[PDB]
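Novice: Sharing a structure with you now.
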Amino acid sequence: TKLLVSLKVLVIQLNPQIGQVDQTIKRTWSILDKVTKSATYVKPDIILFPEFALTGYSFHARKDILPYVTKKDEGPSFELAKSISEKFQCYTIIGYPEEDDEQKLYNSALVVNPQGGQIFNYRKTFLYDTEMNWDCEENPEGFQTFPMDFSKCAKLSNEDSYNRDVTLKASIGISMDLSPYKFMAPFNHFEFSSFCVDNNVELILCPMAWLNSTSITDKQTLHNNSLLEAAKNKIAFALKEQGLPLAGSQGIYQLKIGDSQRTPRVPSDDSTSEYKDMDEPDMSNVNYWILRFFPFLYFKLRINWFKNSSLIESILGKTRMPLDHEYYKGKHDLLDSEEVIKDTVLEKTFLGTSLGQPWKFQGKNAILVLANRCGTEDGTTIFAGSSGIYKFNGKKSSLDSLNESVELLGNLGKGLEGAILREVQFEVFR
């Protein structure tokens with residue numbers, strides 16, 4: 001049974017700096033105020049913030065982050081999300097540094113329902129270099145899905161208003177979750193997006209603190225004070241030339257509220273990575289993010305992969321998580337056994353292909369919401385901003401924004417704080 005859905009999605013893009021939690025909270029309320037005063041404002045069903053949205057990101061020691069960590073149901077990030085959810089009767093998802101009762105630290109995203117109750121807490125599964133600075137843990141559950149009960153958001157195709165309720169299968173992936181594991185696993189594993197396709201996820205939510213490639217990441221440079229000083233000077237000049245303070249822009253808000261301006265499809269070039277034109281998205285990263293969702297994209301070659309059974313061994317042989325992941329540290333050959341083939345094995349995919357279909361996602365819909373922070377930290381790290389909303393439409397082989405099986409519903413710029421609201425329409429089957 002086809003069920004039509006209409007979701008009002010609001011994404012907030014912030015430039016939080018370490019030690020400015022109260023100021024960031026104030027700017028957040030300012031943004032939300034300006035949003036409600038928009039000419040085309042409509043009430044959001046869901047509001048998404050970036051990774052470590054109120055705290056800043058680049059913590060260099062456990063001691064430095066400890067004054068900002070909180071239990072999943074206490075503290076500034078949680079109280080903000082509860083207040084927002086209660087005032088807007090929506091789901092609110094925010095990234096925050098978490099401590100648990102056993103003094104373990106995580107990079108997390110909490111989810112609050114329209115009643116102001118916390119319904120979920122997701123912990124980052126693939127960690128980035130920065131997390132290793134302060135003793136962050138991997139999510140022992142690995143990637144996860146959860147239900148989100150939406151009220152008055154759905155209809156049958158014959159009906160004339162969205163007056164039905166719907167429970168969508170959602171998944172949160174925090175930044176590095178989208179990357180090959182440790183940057184060492186094969187690129188074409190597409191772990192997170194394969195997991196979402198495998199589990200028939202309909203709503204994908206990604207709080208991120210994702211870098212623009214102008215950032216200094218070369219390890220030899222970071223650990224040679226002469227090379228580092230020279231590299232920092234280059235970024236300094238790059239911001240000065242833009243009329244920006246070294247930390248990037250704060251408090252000047254780009255609002256795209258309820259409009260229908262789509263983001264132009266563009267190939268990555270030597271120029272699309274430049275940290276220039278702050279109100280335009282970083283299309284190098286937009287294209288890269290789209291590529292990491294390859295299993296959701298139409299690709300002609302899958303028909304040959306399926307016909308030749310080229311991926312059967314890959315599909316059968318893949319594990320739920322990487323073998324050395326926290327996941328197995330305590331969870332735990334069908335072609336050579338007498339055990340039967342379970343439904344779950346027939347849902348598994350590799351490169352978007354399953355044992356039963358060339359392209360498992362074909363004919364389906366999924367929504368991707370990416371909330372990425374903007375600004376700069378340490379004089380070395382420039383975040384890409386470019387928060388956006390995407391629809392994978394499942395319709396029938398560029399590996400970027402030119403692929404028409406993804407719809408770019410709208411993006412913010414790479415460099416300004418702000419908010420984007422889009423009505424997203426799609427279908428699910430029930």
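Ordering of the structure tokens sets the chain letters (A, B, ...); residue numbers start at 1 within each chain; ligands are numbered from 1 in the order shown.
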Please give the complete set of residues from range 202-321 of chain A that DSSP, run on the backbone, assigns to alpha helix (DSSP H), formatted as a PyMOL selection string.
Specialist: chain A and resi 219-222+225-240+283-291+302-307+312-317
Novice: Take the residues that were just selected and, keeping C-alpha atoms, output them as a short mmCIF file (atom, residue, chain, number, x, y, z; two decimals), in the first residue's frame.
Specialist:
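Result file selection14.cif:
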data_model
loop_
_atom_site.label_atom_id
_atom_site.label_comp_id
_atom_site.auth_asym_id
_atom_site.auth_seq_id
_atom_site.Cartn_x
_atom_site.Cartn_y
_atom_site.Cartn_z
CA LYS A 219 50.02 14.72 9.10
CA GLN A 220 53.64 15.61 8.28
CA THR A 221 52.60 19.27 8.14
CA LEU A 222 50.67 19.13 11.40
CA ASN A 225 56.15 23.35 13.40
CA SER A 226 57.82 25.10 10.42
CA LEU A 227 55.53 23.51 7.83
CA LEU A 228 52.51 24.13 10.08
CA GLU A 229 53.28 27.82 10.63
CA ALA A 230 53.51 28.29 6.86
CA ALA A 231 50.26 26.38 6.31
CA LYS A 232 48.41 28.42 8.94
CA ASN A 233 49.56 31.63 7.23
CA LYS A 234 47.93 30.42 4.01
CA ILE A 235 44.57 29.92 5.67
CA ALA A 236 44.90 33.23 7.53
CA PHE A 237 45.33 35.06 4.22
CA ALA A 238 42.49 33.11 2.63
CA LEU A 239 40.03 34.31 5.30
CA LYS A 240 41.39 37.87 5.43
CA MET A 283 29.93 21.61 -4.47
CA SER A 284 33.07 19.50 -4.12
CA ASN A 285 31.67 18.27 -0.81
CA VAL A 286 28.06 18.14 -2.00
CA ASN A 287 29.16 15.84 -4.83
CA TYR A 288 31.26 13.75 -2.47
CA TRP A 289 28.42 13.34 0.01
CA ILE A 290 26.13 12.24 -2.81
CA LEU A 291 28.77 9.73 -3.95
CA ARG A 302 24.23 -2.99 -11.91
CA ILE A 303 22.27 -4.95 -14.53
CA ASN A 304 25.53 -6.66 -15.61
CA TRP A 305 26.63 -7.25 -12.01
CA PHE A 306 23.35 -8.98 -11.31
CA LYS A 307 23.21 -11.03 -14.54
CA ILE A 312 27.07 -12.78 -4.72
CA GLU A 313 30.24 -13.60 -2.78
CA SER A 314 30.60 -9.97 -1.63
CA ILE A 315 26.96 -9.84 -0.54
CA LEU A 316 27.09 -13.16 1.30
CA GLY A 317 30.48 -12.42 2.80
#
Novice: Please list as a compact mmCIF listing (two decimals) with N, CA and C atoms, in the first residue's frame every residue within 12 Å of residue 368 in chain A, counting only C-alpha atoms and excluding residues in the same chain fewer than 4 positions away.
Specialist:
# COMPACT_ATOMS: atom_id res chain seq x y z
N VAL A 9 10.87 20.10 6.81
CA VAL A 9 12.19 19.87 7.38
C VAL A 9 12.96 21.17 7.54
N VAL A 11 16.63 22.75 8.77
CA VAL A 11 18.03 22.51 9.15
C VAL A 11 18.67 23.81 9.64
N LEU A 48 16.89 19.79 12.56
CA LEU A 48 18.19 19.12 12.68
C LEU A 48 19.34 20.12 12.84
N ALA A 170 14.00 5.66 10.59
CA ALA A 170 15.01 6.69 10.47
C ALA A 170 16.37 6.15 10.88
N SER A 171 17.42 6.82 10.43
CA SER A 171 18.75 6.48 10.88
C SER A 171 19.57 7.76 10.98
N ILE A 172 20.37 7.88 12.03
CA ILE A 172 21.28 9.00 12.16
C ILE A 172 22.69 8.53 11.84
N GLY A 173 23.39 9.30 11.01
CA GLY A 173 24.81 9.06 10.77
C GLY A 173 25.56 10.35 11.04
N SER A 193 25.74 3.97 4.03
CA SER A 193 24.63 4.03 3.09
C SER A 193 24.16 2.62 2.70
N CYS A 196 21.82 1.65 5.49
CA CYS A 196 20.51 2.30 5.35
C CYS A 196 19.68 1.59 4.29
N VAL A 201 15.78 2.04 5.34
CA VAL A 201 15.65 3.34 5.99
C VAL A 201 15.01 4.35 5.03
N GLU A 202 14.10 5.16 5.56
CA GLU A 202 13.36 6.12 4.75
C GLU A 202 13.81 7.56 5.02
N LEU A 203 14.27 7.81 6.24
CA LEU A 203 14.69 9.15 6.62
C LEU A 203 16.10 9.08 7.21
N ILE A 204 17.06 9.65 6.49
CA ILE A 204 18.46 9.65 6.91
C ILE A 204 18.86 11.04 7.40
N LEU A 205 19.35 11.11 8.64
CA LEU A 205 19.66 12.38 9.28
C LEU A 205 21.14 12.44 9.64
N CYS A 206 21.83 13.46 9.15
CA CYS A 206 23.27 13.52 9.35
C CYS A 206 23.75 14.85 9.91
N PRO A 207 23.84 14.94 11.24
CA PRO A 207 24.58 16.05 11.86
C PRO A 207 26.06 15.90 11.51
N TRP A 289 29.43 13.91 -0.88
CA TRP A 289 28.42 13.34 0.01
C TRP A 289 27.46 12.47 -0.81
N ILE A 290 27.02 13.00 -1.94
CA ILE A 290 26.13 12.24 -2.81
C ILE A 290 26.78 10.91 -3.21
N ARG A 292 28.98 9.12 -1.56
CA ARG A 292 29.00 8.16 -0.45
C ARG A 292 27.63 7.52 -0.21
N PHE A 293 26.61 8.00 -0.92
CA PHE A 293 25.29 7.37 -0.90
C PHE A 293 25.02 6.60 -2.19
N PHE A 296 22.08 4.30 -3.17
CA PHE A 296 20.80 4.96 -3.41
C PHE A 296 20.71 5.58 -4.80
N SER A 387 24.83 22.82 4.39
CA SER A 387 23.72 22.00 4.85
C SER A 387 22.66 21.93 3.77
N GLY A 388 22.00 20.78 3.66
CA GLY A 388 21.08 20.59 2.56
C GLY A 388 20.10 19.46 2.76
N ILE A 389 19.13 19.39 1.86
CA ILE A 389 18.12 18.36 1.89
C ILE A 389 18.06 17.71 0.52
N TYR A 390 17.95 16.38 0.51
CA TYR A 390 18.05 15.59 -0.71
C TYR A 390 16.96 14.55 -0.72
N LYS A 391 16.51 14.22 -1.92
CA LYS A 391 15.57 13.12 -2.08
C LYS A 391 16.16 12.13 -3.06
N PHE A 392 16.23 10.87 -2.63
CA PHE A 392 16.58 9.79 -3.54
C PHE A 392 15.26 9.21 -4.05
N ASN A 393 15.06 9.26 -5.36
CA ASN A 393 13.73 8.99 -5.90
C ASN A 393 13.58 7.60 -6.49
N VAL A 406 19.00 11.50 -7.79
CA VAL A 406 18.98 12.28 -6.56
C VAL A 406 18.45 13.67 -6.89
N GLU A 407 17.62 14.19 -5.99
CA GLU A 407 17.07 15.53 -6.15
C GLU A 407 17.65 16.45 -5.09
N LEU A 408 18.24 17.57 -5.53
CA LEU A 408 18.82 18.53 -4.59
C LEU A 408 17.79 19.60 -4.22
N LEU A 409 17.06 19.38 -3.14
CA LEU A 409 15.94 20.22 -2.74
C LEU A 409 16.36 21.60 -2.21
N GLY A 410 17.63 21.75 -1.85
CA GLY A 410 18.13 23.05 -1.41
C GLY A 410 19.32 22.93 -0.50
N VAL A 424 9.21 18.47 1.95
CA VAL A 424 9.69 17.36 1.16
C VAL A 424 8.54 16.36 1.00
N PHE A 426 7.39 12.63 -0.64
CA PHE A 426 7.92 11.34 -1.07
C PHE A 426 6.91 10.28 -0.71
Novice: Any idea what's packed within 9 Å of range 250-252 of chain A, counting only C-alpha atoms, ignoring anything in its chain fewer than 2 positions away? Could you give it as a ChimeraX atom specification?
Specialist: /A:14-16,27,30-31,247-248,254,375,416-418
Novice: Measuring between only C-alpha atoms, which one of A:209, A:93, A:246, A:399 shows the shortest distance to residue 121 in chain A?
Specialist: A:93
Novice: Just list as a PyMOL selection string whatever in range 279-371 of chain A DSSP marks as strand (DSSP E or B).
Specialist: chain A and resi 350+353+366-371
Novice: Keeping only N, CA and C atoms, write the selected residues to a file as a tab-separated table (two decimals), in the first residue's frame.
Specialist:
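The result, stored in again_15.tsv:
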chain	number	residue	atom	x	y	z
A	350	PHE	N	25.43	-5.07	-1.70
A	350	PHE	CA	26.79	-4.60	-1.92
A	350	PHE	C	26.79	-3.78	-3.20
A	353	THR	N	23.42	-3.56	-4.96
A	353	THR	CA	22.85	-4.77	-5.58
A	353	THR	C	22.54	-5.82	-4.52
A	366	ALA	N	13.74	7.84	-0.43
A	366	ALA	CA	14.37	8.11	0.85
A	366	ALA	C	14.76	9.58	0.89
A	367	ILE	N	14.71	10.15	2.09
A	367	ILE	CA	15.08	11.54	2.29
A	367	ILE	C	16.38	11.65	3.10
A	368	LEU	N	17.31	12.47	2.61
A	368	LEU	CA	18.59	12.69	3.31
A	368	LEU	C	18.65	14.13	3.77
A	369	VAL	N	18.84	14.33	5.07
A	369	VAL	CA	18.96	15.66	5.63
A	369	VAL	C	20.36	15.80	6.24
A	370	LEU	N	21.14	16.75	5.71
A	370	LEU	CA	22.52	16.95	6.15
A	370	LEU	C	22.69	18.31	6.80
A	371	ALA	N	22.99	18.30	8.09
A	371	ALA	CA	23.19	19.53	8.83
A	371	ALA	C	24.68	19.65	9.14
Novice: Given only C-alpha atoms as the basis, pick out the residue of A:166, A:404, A:17, A:132 nearest to residue 430 in chain A.
Specialist: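 With only C-alpha atoms as the atom set, the closest residue is A:166.
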Novice: So which one's closest to residue 324 in chain A, A:187, A:275, A:181, A:429? Using only C-alpha atoms, please.
Specialist: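 So, comparing all the options, the nearest one is A:181.
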Novice: Of the residues A:362, A:200, A:249, A:263, which is the one nearest to residue 402 in chain A, using only C-alpha atoms?
Specialist: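 When distances to residue 402 in chain A are compared using only C-alpha atoms, the smallest one comes from A:263.
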Novice: Considering only C-alpha atoms, can you say which of A:242, A:397, A:77, A:310 comes closest to residue 28 in chain A?
Specialist: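 Closest to residue 28 in chain A, using only C-alpha atoms: A:77.
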Novice: Skip residue 94 in chain A itself and residues of its chain fewer than 2 positions away, then list as a PyMOL selection string all residues within 6 Å of it, counting only C-alpha atoms.
Specialist: chain A and resi 49+109-110
Novice: Using only C-alpha atoms for the distances, tell me which of A:257, A:35, A:301, A:3 is nearest to residue 411 in chain A.
Specialist: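 Answer, going by the shortest atom-to-atom distance: A:257.
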